[PDB]
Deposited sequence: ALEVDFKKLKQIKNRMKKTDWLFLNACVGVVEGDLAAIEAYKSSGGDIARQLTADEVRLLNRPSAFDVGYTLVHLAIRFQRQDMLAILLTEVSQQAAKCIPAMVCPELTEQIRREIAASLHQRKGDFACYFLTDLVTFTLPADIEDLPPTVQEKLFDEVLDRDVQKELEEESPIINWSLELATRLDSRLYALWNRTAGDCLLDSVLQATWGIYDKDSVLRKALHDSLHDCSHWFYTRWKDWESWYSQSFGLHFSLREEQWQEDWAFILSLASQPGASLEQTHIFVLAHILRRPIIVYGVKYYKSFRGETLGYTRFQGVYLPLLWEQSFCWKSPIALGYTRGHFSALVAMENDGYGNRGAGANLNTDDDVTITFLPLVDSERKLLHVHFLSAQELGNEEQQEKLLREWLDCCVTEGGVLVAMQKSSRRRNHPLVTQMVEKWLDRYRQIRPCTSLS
């Protein structure tokens, strides 16, 4: 009760939002208020921040606070294990990883808002969600101007090096062509994302607006799309399932009554948070982005198991004229999706993405209705309707992903510039 009010007043004066968020969090951990600590966490504020004596004065809880205490110390002193785990994961990542969406949480929240505003549900008979902007992420060419040691640090902090090594060194999943990766400057980079599930959604957003799926906006759209378009996707799925077993030469069958339950479940997948999503979900996402999604993944991983994720996901249920030709690329390893992005040409950047594997075999086109199956001649013809394709000098069939500096989204540009500032200001 005995507070020097003059002193207090002077202190409060010099305080900004992030100070209040810090001090609120300090009380938060005393009190067991997880929102108070999440709120500080998502501000991007240093979880290592230590209480100053002024802050201790302002707080006025002798039993609880002292100069030098951090949130982590408060969390041990009181019994908040929950919080400790969040705190320590945050600290670990902050030191190993620094991606564009973490550099300025207010701006990434503006980006989220812009994506939400851009997202609508089609009226009429096919009530699928859809975006209204075409946005594609490329690493900035300015990276090449960094000092070598700074480049490696930047790559350590934005790439998933483990995923890169399995897609590129351990087997020829990506960058297997000298021509594409080097002569034509189309080397692909696997962006890191946290594995706490939802890698699919985080990956699509990273390939696209450069952020993760904050506050689950993309996910809810995906969920509501599947639910409100159930019968549309159900039919494509049923054939996709039969497609497979068709390939082992095995003649099977299910009772309509039973396709039903198997459908109801994958329907729950999008609602149950952090569960695993499968190819039907990639298919729906291609509709929501109004563009193709190419997935590169192992040819057969476990070999205890064959894989069926690799291939091309076309937004087949829209009119072609409704859809952009430019695709995004995702990499698939062991139950995990990664955004695969190229570096900008060092005007227009053209990234050449192969529509064949390293053995030059056409990638699979998923969810094709039997009325669409056909020769390799015919498949390729389909791919040419939906993508902007050409054949390299070396003979590789590729889809082109074209982007322009001019057409880049301004908030994305600002975020990428601020992320680069962190490396540009490093001496040496």
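Comparing the deposited sequence with the modelled residues shows gaps at 1, 304-308, 353-367, 450-454, with numbering starting at 1.
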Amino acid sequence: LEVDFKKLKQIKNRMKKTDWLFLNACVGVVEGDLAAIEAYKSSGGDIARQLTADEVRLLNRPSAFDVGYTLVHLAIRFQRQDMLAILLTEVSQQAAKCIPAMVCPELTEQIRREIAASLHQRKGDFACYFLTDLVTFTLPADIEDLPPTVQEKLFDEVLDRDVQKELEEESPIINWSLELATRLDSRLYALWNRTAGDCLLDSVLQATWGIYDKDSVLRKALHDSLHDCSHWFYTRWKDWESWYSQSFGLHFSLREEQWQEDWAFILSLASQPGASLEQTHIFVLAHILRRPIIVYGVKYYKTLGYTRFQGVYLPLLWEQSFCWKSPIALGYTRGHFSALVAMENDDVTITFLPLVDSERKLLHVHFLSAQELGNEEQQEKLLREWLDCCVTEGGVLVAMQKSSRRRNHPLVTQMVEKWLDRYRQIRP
From here on, numbers count along this sequence of modelled residues.
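A summary of the deposited B-factors shows that, of 205-213 and 171-179, the stretch with the larger mean C-alpha value is 171-179.
For the pair 3-11 and 418-426, the mean Cα B-factor is higher in 3-11. Per the PDB record, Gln93 has a higher Cα B-factor than any other of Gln93, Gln164, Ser225, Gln310. Of the candidates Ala127, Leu269, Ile293, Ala116, it is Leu269 whose Cα B-factor is highest according to the PDB record.
When all modelled residues of the chain are sorted by CA temperature factor, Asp142 is found within the lowest third. Annotation for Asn408: CA B-factor lies in the middle third of the chain's modelled residues. In this PDB entry, the Cα temperature factor of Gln401 sits in the bottom third of its chain's modelled residues, the lowest group. Remark: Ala196 belongs to the highest third of its chain, ranked by C-alpha B-factor as recorded.
The entry lists a Cα temperature factor for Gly305 that places it in the highest third of the chain's modelled residues.
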